[PDB]
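Under the deposited numbering, the residues of the sequence shown are numbered 1 to 82, in order.
Don't be surprised by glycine CBs; every beta carbon is placed ideally from N, CA and C.
Report on the following structure.
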Amino acid sequence: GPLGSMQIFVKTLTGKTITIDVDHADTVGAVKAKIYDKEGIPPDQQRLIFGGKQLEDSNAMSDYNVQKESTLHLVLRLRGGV
């Protein structure tokens with residue numbers, strides 16, 4: 001039958017590769033929260049960057065650029081915290 005599932009790769013400012021399963025019916029905001037719990041970083045303090053440009057809250061699934069395994073750059077400005 002039908003199906004829909006695709007994981008993404010996020011790279012933290014500390015050079016950490018993380019994998020998370022997501023669906024095209026999801027959004028950046030939701031993904032950010034998932035990663036936050038994955039390790040324990042502030043989603044409101046972290047941001048996504050692709051090729052140099054930042055990714056909005058809907059710039060991911062709806063954008064039609066989410067695949068089973070995509071490489072994205074994640075930069076967080078924690079400077080010391082959880």
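- Taking C-alpha positions only, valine 31 is separated from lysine 38 by approximately 11 Å.
- Residue range 6-11 is occupied by the beta strand (DSSP E) that includes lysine 11.
- Secondary structure of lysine 53 (DSSP, three-state): strand.
- Minimum Cα-Cα distance from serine 62 among the listed residues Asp26, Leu3 and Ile20 corresponds to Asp26.
- The closest CA to that of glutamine 45, considering only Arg77, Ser5 and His24, is found on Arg77.
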